[PDB]
Amino acid sequence: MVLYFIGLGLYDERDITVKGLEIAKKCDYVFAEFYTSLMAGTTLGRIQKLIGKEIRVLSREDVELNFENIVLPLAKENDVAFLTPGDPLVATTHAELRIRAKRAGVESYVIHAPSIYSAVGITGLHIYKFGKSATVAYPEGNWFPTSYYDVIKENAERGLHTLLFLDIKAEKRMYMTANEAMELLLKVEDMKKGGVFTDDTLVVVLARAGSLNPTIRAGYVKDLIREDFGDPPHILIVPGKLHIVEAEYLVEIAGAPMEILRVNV
Amino acid sequence: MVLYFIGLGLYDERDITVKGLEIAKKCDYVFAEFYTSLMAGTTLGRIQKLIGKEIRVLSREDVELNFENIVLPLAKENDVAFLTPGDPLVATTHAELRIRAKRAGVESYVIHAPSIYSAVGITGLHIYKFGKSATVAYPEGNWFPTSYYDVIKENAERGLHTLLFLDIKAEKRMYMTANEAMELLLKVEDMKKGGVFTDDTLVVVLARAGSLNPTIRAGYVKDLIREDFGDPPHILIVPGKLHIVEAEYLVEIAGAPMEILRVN
Ligand SMILES: Nc1ncnc2c1ncn2[C@@H]1O[C@H](CSCC[C@H](N)C(=O)O)[C@@H](O)[C@H]1O
């Protein structure tokens with residue numbers, strides 16, 4: 001008679017919480033989705049072996065169109081789990097799935113797990129300084145979206161950091177790169193010319209957060225745009241003016257140039 | 001011969017990730033602090049029991065003044081772990097401790113945990129629409145902090161939600177309730193009169209995130225400022241402009257007034 005939204009965490013099969021696991025193991029049915037994001041540090045197979053349960057994967061339309069016909073029904077006579085990467089309800093559409101459950105007269109509980117939203121704290125940037133967040137999307141056809149560029153301007157203007165999620169084709173397993181993203185932002189700057197993103201903009205790239213060996217690199221576009229950050233997914237962040245302690249952290253941990261100590265503080 | 005920053009999670013000792021549990025288990029020395037936040041659903045004894053280790057609990061002074069004297073030293077000949085509530089680097093100054101470790105030639109690793117910063121997702125408010133965050137601090141003597149007021153103001157002009165961490169005086173065992181925060185804000189409103197936080201302001205309260213039954217309530221200040229949201233810890237959120245589905249969640253799940261649907 002219960003539905004459990006359980007987060008899988010950041011990178012691999014051990015990023016689930018001890019709570020999430022013990023609850024997942026005692027569920028009659030376990031569903032999962034990997035369209036919002038991919039657990040790039042593990043496999044479906046490794047997740048099932050840790051949870052010790054057959055895991056039925058769900059497509060975007062499985063969830064968004066038929067959540068109440070695929071998942072909810074089983075919750076009336078059973079305890080059901082719904083696993084998602086990161087922290088549940090972070091993806092903007094997932095919270096209404098709870099409204100669906102209430103509507104179908106189903107009890108729903110949320111078991112949290114690490115999200116990149118809090119994990120970027122490893123970049124050294126202060127969490128209270130992050131402003132609005134956005135996603136960089138590919139242009140295509142006659143559509144050239146650039147709102148994420150305005151988010152950067154409005155945040156940085158107010159001395160706040162911008163967390164930038166990169167385009168993902170979960171299903172086709174193709175990630176946007178930090179590099180790709182920097183090129184796109186450069187192209188946008190040339191269209192709008194607002195001084196928001198240029199070769200001298202300082203940025204932070206975070207890759208494989210959650211892993212014991214993530215990649216935290218900080219520097220100016222001109223030096224980073226062709227750097228090898230590794231395998232995806234990448235997270236791009238455009239900091240606002242830094243607190244000296246943030247810059248020292250980017251220098252000593254993320255390998256940023258001494259120059260940001262006098263340029264970006 | 002390494003140091004690990006391992007988050008313990010939101011509510012009880014089970015909010016630790018499987019990765020953090022199996023690593024803290026094999027560490028020679030385990031340190032911890034419980035002054036940056038409150039894990040309402042557990043005790044030191046159960047953490048210890050679950051980790052299978054003795055946890056030396058540090059104070060803010062131990063940490064801020066003697067981290068390099070208490071903890072890094074043991075890191076050259078042993079594997080040391082430093083536990084904290086929620087996520088170790090979020091809304092703490094712990095990231096600076098990594099610098100100390102490096103400057104002492106001690107490599108450090110971070111094991112994340114569920115943080116209250118992303119748990120806000122359970123309020124139904126889109127996490128990307130949150131703007132600059134702030135902390136509501138207790139007035140000390142003649143000193144009355146008010147900067148958090150301007151933060152709410154900036155975000156709301158932008159239409160973004162504001163996350164308000166609430167103060168904590170761990171040594172006195174005092175945890176600011178959302179009620180207390182709402183009262184502090186009202187008097188700042190009388191002070192500044194910037195029409196930012198009034199009796200008619202819609203707010204959201206999230207209490208004890210991480211537990212199976214957190215308290216999630218939304219509604220106008222006048223109705224909530226005296227309401228009992230249960231034990232600490234609490235956070236207070238002053239949303240910006242709502243999306244209809246945000247508002248639908250707040251009404252269906254957090255018990256807000258239907259009128260808030262009319263999202264202008
Ligand atoms: N489980 C929880 N429920 C509600 N608020 C919480 C909470 N845990 C922390 N907070 C809020 O955040 C403040 C501590 S701020 C430090 C946050 C911590 N590193 C994390 O990752 O969560 C508290 O005073 C309180 O206002």
# chains A, B, ... in the order shown; residues from 1 in each chain; ligands from 1
>>> residues_near_ligand(ligand="ligand 1", cutoff="6 Å", atoms="only C-alpha atoms and all ligand atoms", output="PyMOL selection string")
chain B and resi 10-11+36-37+85-92+115-117+165-168+206-210+233-235
>>> select_by_dssp(residues="stretch 20-257 of chain A", states="helix (DSSP H, G or I)", output="JSON, numbers by chain")
{"A": [20, 21, 22, 23, 24, 25, 44, 45, 46, 47, 48, 49, 50, 51, 60, 61, 62, 63, 64, 65, 66, 67, 68, 69, 70, 72, 73, 74, 75, 95, 96, 97, 98, 99, 100, 101, 102, 103, 116, 117, 118, 119, 120, 121, 122, 123, 127, 128, 129, 147, 148, 149, 150, 151, 152, 153, 154, 155, 156, 157, 178, 179, 180, 181, 182, 183, 184, 185, 186, 187, 188, 189, 190, 191, 192, 221, 222, 223, 224, 244, 245, 246, 247, 248, 249, 250, 251, 252]}
>>> closest_atom_pairs(of="chain A", to="chain B", cutoff="6 Å", atoms="only C-alpha atoms", output="CSV")
residue,atom,partner,partner_atom,distance
A:14,CA,B:19,CA,5.0
A:15,CA,B:17,CA,5.4
A:16,CA,B:17,CA,5.4
A:17,CA,B:17,CA,3.7
A:18,CA,B:14,CA,5.1
A:19,CA,B:14,CA,4.9
A:89,CA,B:121,CA,5.1
A:90,CA,B:121,CA,5.1
A:92,CA,B:126,CA,5.4
A:95,CA,B:124,CA,5.5
A:112,CA,B:114,CA,5.8
A:113,CA,B:114,CA,4.5
A:114,CA,B:114,CA,4.3
A:121,CA,B:89,CA,5.5
A:124,CA,B:95,CA,5.9
A:127,CA,B:91,CA,5.9
A:128,CA,B:133,CA,4.4
A:129,CA,B:132,CA,5.6
A:130,CA,B:132,CA,5.8
A:131,CA,B:131,CA,4.3
A:132,CA,B:131,CA,4.9
A:133,CA,B:128,CA,4.6
>>> select_by_dssp(residues="stretch 35-264 of chain A", states="strand (DSSP E)", output="VMD selection string")
chain A and resid 56 to 58 79 to 84 107 to 111 134 to 136 162 to 166 168 to 169 174 to 175 202 to 207 215 to 220 234 to 238
>>> write_last_selection(atoms="C-alpha atoms", output="PDB file, in the first residue's frame")
ATOM      1  CA  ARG A  56      12.207  -2.953 -14.326  1.00  0.00           C
ATOM      2  CA  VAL A  57      13.352   0.078 -16.237  1.00  0.00           C
ATOM      3  CA  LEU A  58      10.840   2.762 -17.292  1.00  0.00           C
ATOM      4  CA  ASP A  79       5.181  -1.992  -1.393  1.00  0.00           C
ATOM      5  CA  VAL A  80       6.696  -0.449  -4.530  1.00  0.00           C
ATOM      6  CA  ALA A  81      10.014   1.414  -5.165  1.00  0.00           C
ATOM      7  CA  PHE A  82      10.791   3.932  -7.849  1.00  0.00           C
ATOM      8  CA  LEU A  83      14.499   4.556  -8.245  1.00  0.00           C
ATOM      9  CA  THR A  84      15.890   7.649  -9.860  1.00  0.00           C
ATOM     10  CA  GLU A 107       0.883   6.537   0.232  1.00  0.00           C
ATOM     11  CA  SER A 108       4.211   7.888  -0.997  1.00  0.00           C
ATOM     12  CA  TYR A 109       7.479   8.380   0.871  1.00  0.00           C
ATOM     13  CA  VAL A 110      10.749   9.943  -0.255  1.00  0.00           C
ATOM     14  CA  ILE A 111      14.175   8.518   0.503  1.00  0.00           C
ATOM     15  CA  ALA A 134      19.677  26.388 -16.182  1.00  0.00           C
ATOM     16  CA  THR A 135      20.440  23.828 -18.867  1.00  0.00           C
ATOM     17  CA  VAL A 136      22.461  24.369 -22.026  1.00  0.00           C
ATOM     18  CA  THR A 162      25.426  29.724 -12.193  1.00  0.00           C
ATOM     19  CA  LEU A 163      25.162  25.926 -12.208  1.00  0.00           C
ATOM     20  CA  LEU A 164      24.839  24.724 -15.831  1.00  0.00           C
ATOM     21  CA  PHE A 165      23.423  21.289 -16.632  1.00  0.00           C
ATOM     22  CA  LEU A 166      24.557  20.056 -20.050  1.00  0.00           C
ATOM     23  CA  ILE A 168      21.896  14.771 -22.496  1.00  0.00           C
ATOM     24  CA  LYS A 169      20.323  12.180 -24.865  1.00  0.00           C
ATOM     25  CA  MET A 174      25.184  11.042 -25.978  1.00  0.00           C
ATOM     26  CA  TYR A 175      26.369  13.728 -23.541  1.00  0.00           C
ATOM     27  CA  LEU A 202      36.453  32.014 -15.577  1.00  0.00           C
ATOM     28  CA  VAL A 203      34.624  28.722 -15.293  1.00  0.00           C
ATOM     29  CA  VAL A 204      34.609  25.511 -13.296  1.00  0.00           C
ATOM     30  CA  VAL A 205      34.135  22.053 -14.764  1.00  0.00           C
ATOM     31  CA  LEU A 206      33.036  19.150 -12.568  1.00  0.00           C
ATOM     32  CA  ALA A 207      32.965  15.595 -13.906  1.00  0.00           C
ATOM     33  CA  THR A 215      37.528  15.964 -12.003  1.00  0.00           C
ATOM     34  CA  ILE A 216      37.434  19.477 -10.635  1.00  0.00           C
ATOM     35  CA  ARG A 217      39.105  21.930 -12.973  1.00  0.00           C
ATOM     36  CA  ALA A 218      38.907  25.723 -12.862  1.00  0.00           C
ATOM     37  CA  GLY A 219      40.188  28.342 -15.297  1.00  0.00           C
ATOM     38  CA  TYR A 220      39.605  30.760 -18.171  1.00  0.00           C
ATOM     39  CA  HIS A 234      30.097  17.153 -17.362  1.00  0.00           C
ATOM     40  CA  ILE A 235      28.815  20.010 -15.223  1.00  0.00           C
ATOM     41  CA  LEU A 236      29.700  23.569 -16.226  1.00  0.00           C
ATOM     42  CA  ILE A 237      29.612  26.384 -13.674  1.00  0.00           C
ATOM     43  CA  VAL A 238      30.183  30.069 -14.342  1.00  0.00           C
TER      44      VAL A 238
END
>>> atom_distance(atom1="atom CA of residue A:176", atom2="atom CA of residue A:59")
20.6 Å
>>> closest_residue(among="A:257, A:145, A:210, A:232", to="residue A:13", atoms="only C-alpha atoms")
A:210
>>> residues_around(residues="stretch 98-106 of chain A", least_positions_apart="4", cutoff="8 Å", atoms="only C-alpha atoms", output="list in words")
residues 1, 2, 3, 68, 72, 75, 76 and 94 of chain A; 249, 252 and 253 of chain B
>>> write_last_selection(atoms="N, CA and C atoms", output="mmCIF file, in the first residue's frame")
data_model
loop_
_atom_site.group_PDB
_atom_site.id
_atom_site.type_symbol
_atom_site.label_atom_id
_atom_site.label_comp_id
_atom_site.auth_asym_id
_atom_site.auth_seq_id
_atom_site.Cartn_x
_atom_site.Cartn_y
_atom_site.Cartn_z
ATOM 1 N N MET A 1 0.839 -1.235 0.000
ATOM 2 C CA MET A 1 0.000 0.000 0.000
ATOM 3 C C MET A 1 0.858 1.263 0.000
ATOM 4 N N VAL A 2 2.141 1.102 -0.300
ATOM 5 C CA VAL A 2 3.057 2.230 -0.293
ATOM 6 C C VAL A 2 3.967 2.333 -1.508
ATOM 7 N N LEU A 3 4.297 3.572 -1.862
ATOM 8 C CA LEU A 3 5.200 3.862 -2.966
ATOM 9 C C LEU A 3 6.392 4.623 -2.400
ATOM 10 N N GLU A 68 0.573 6.109 -13.543
ATOM 11 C CA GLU A 68 -0.589 5.577 -12.825
ATOM 12 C C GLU A 68 -1.112 4.243 -13.364
ATOM 13 N N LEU A 72 1.599 2.778 -9.967
ATOM 14 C CA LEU A 72 0.579 2.962 -8.914
ATOM 15 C C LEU A 72 -0.266 1.686 -8.634
ATOM 16 N N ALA A 75 1.029 -0.635 -6.231
ATOM 17 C CA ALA A 75 1.185 -0.121 -4.875
ATOM 18 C C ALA A 75 -0.063 -0.320 -4.009
ATOM 19 N N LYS A 76 -1.182 -0.693 -4.648
ATOM 20 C CA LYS A 76 -2.377 -0.847 -3.837
ATOM 21 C C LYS A 76 -2.324 -2.107 -2.946
ATOM 22 N N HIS A 94 9.230 15.252 -11.691
ATOM 23 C CA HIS A 94 8.958 14.168 -10.749
ATOM 24 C C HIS A 94 8.033 14.516 -9.566
ATOM 25 N N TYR B 249 1.123 21.272 -6.260
ATOM 26 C CA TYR B 249 1.773 20.406 -5.265
ATOM 27 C C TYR B 249 1.574 20.958 -3.855
ATOM 28 N N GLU B 252 -2.062 20.302 -2.869
ATOM 29 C CA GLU B 252 -2.357 18.877 -2.655
ATOM 30 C C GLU B 252 -1.499 18.219 -1.567
ATOM 31 N N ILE B 253 -0.197 18.493 -1.584
ATOM 32 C CA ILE B 253 0.749 17.832 -0.664
ATOM 33 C C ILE B 253 1.074 18.628 0.617
#
>>> closest_residue(among="B:60, B:25, B:180, B:3", to="residue B:75", atoms="only C-alpha atoms")
B:3
>>> closest_residue(among="B:58, B:191, B:218, B:45", to="residue B:144", atoms="only C-alpha atoms")
B:191
>>> decode(residues="stretch 61-88 of chain B", atoms="N, CA, C and O atoms", output="compact mmCIF listing (two decimals), in the first residue's frame")
# COMPACT_ATOMS: atom_id res chain seq x y z
N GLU B 61 35.43 25.01 17.79
CA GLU B 61 36.78 25.51 18.03
C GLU B 61 37.83 24.46 17.69
O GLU B 61 38.86 24.77 17.10
N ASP B 62 37.59 23.21 18.06
CA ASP B 62 38.50 22.15 17.71
C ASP B 62 38.78 22.19 16.23
O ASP B 62 39.92 22.20 15.79
N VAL B 63 37.68 22.20 15.48
CA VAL B 63 37.73 22.20 14.02
C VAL B 63 38.39 23.46 13.48
O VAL B 63 39.47 23.43 12.91
N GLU B 64 37.73 24.60 13.66
CA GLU B 64 38.18 25.90 13.10
C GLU B 64 39.61 26.32 13.57
O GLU B 64 40.36 26.97 12.85
N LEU B 65 40.04 25.97 14.77
CA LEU B 65 41.36 26.39 15.20
C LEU B 65 42.39 25.27 15.21
O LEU B 65 43.56 25.50 14.91
N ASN B 66 41.95 24.05 15.51
CA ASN B 66 42.89 22.95 15.60
C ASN B 66 42.71 21.73 14.72
O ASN B 66 43.22 20.66 15.04
N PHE B 67 42.00 21.88 13.61
CA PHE B 67 41.80 20.75 12.72
C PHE B 67 43.17 20.14 12.35
O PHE B 67 43.39 18.93 12.50
N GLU B 68 44.08 20.99 11.89
CA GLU B 68 45.42 20.57 11.49
C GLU B 68 46.26 20.01 12.66
O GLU B 68 47.30 19.40 12.46
N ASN B 69 45.81 20.28 13.90
CA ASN B 69 46.56 19.78 15.06
C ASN B 69 45.95 18.50 15.63
O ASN B 69 46.60 17.70 16.30
N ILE B 70 44.63 18.35 15.41
CA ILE B 70 43.93 17.20 15.96
C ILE B 70 43.78 16.08 14.94
O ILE B 70 44.04 14.92 15.21
N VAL B 71 43.31 16.49 13.74
CA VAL B 71 42.99 15.51 12.73
C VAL B 71 44.13 15.32 11.68
O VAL B 71 44.60 14.24 11.47
N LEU B 72 44.60 16.36 11.00
CA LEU B 72 45.59 15.95 9.97
C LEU B 72 46.76 15.03 10.48
O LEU B 72 47.21 14.11 9.80
N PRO B 73 47.29 15.29 11.67
CA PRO B 73 48.42 14.54 12.17
C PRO B 73 48.25 13.02 12.01
O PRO B 73 49.07 12.33 11.42
N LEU B 74 47.14 12.51 12.53
CA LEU B 74 46.83 11.09 12.45
C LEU B 74 46.64 10.57 11.02
O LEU B 74 46.62 9.36 10.80
N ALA B 75 46.53 11.48 10.06
CA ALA B 75 46.32 11.10 8.67
C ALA B 75 47.55 10.63 7.91
O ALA B 75 47.43 10.10 6.80
N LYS B 76 48.74 10.82 8.47
CA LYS B 76 49.95 10.38 7.77
C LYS B 76 50.24 8.89 7.97
O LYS B 76 50.78 8.24 7.09
N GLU B 77 49.88 8.37 9.14
CA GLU B 77 50.13 6.96 9.45
C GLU B 77 48.84 6.14 9.51
O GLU B 77 48.85 4.94 9.77
N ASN B 78 47.70 6.78 9.27
CA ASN B 78 46.41 6.10 9.32
C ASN B 78 45.40 6.69 8.36
O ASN B 78 45.63 7.75 7.77
N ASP B 79 44.28 5.99 8.20
CA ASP B 79 43.19 6.45 7.37
C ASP B 79 42.22 7.08 8.36
O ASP B 79 41.76 6.42 9.29
N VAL B 80 41.93 8.36 8.17
CA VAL B 80 41.05 9.07 9.07
C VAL B 80 39.79 9.56 8.37
O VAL B 80 39.83 9.98 7.20
N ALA B 81 38.68 9.51 9.09
CA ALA B 81 37.41 9.95 8.56
C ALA B 81 36.84 11.10 9.41
O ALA B 81 36.98 11.10 10.64
N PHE B 82 36.23 12.07 8.74
CA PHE B 82 35.62 13.21 9.41
C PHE B 82 34.15 13.24 9.01
O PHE B 82 33.80 13.59 7.88
N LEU B 83 33.28 12.88 9.95
CA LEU B 83 31.85 12.85 9.67
C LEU B 83 31.14 14.15 10.02
O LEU B 83 31.52 14.85 10.96
N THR B 84 30.09 14.46 9.27
CA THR B 84 29.28 15.65 9.51
C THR B 84 27.85 15.36 9.07
O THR B 84 27.60 14.42 8.31
N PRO B 85 26.89 16.15 9.57
CA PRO B 85 25.48 15.99 9.23
C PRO B 85 25.32 16.41 7.77
O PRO B 85 26.18 17.12 7.24
N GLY B 86 24.23 16.00 7.12
CA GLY B 86 24.00 16.37 5.73
C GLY B 86 25.23 16.11 4.89
O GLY B 86 25.88 15.07 5.04
N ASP B 87 25.54 17.04 3.98
CA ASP B 87 26.72 16.92 3.13
C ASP B 87 27.82 17.81 3.75
O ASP B 87 27.60 18.99 3.99
N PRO B 88 29.02 17.24 3.97
CA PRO B 88 30.16 17.95 4.57
C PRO B 88 30.54 19.33 4.06
O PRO B 88 30.96 20.19 4.84
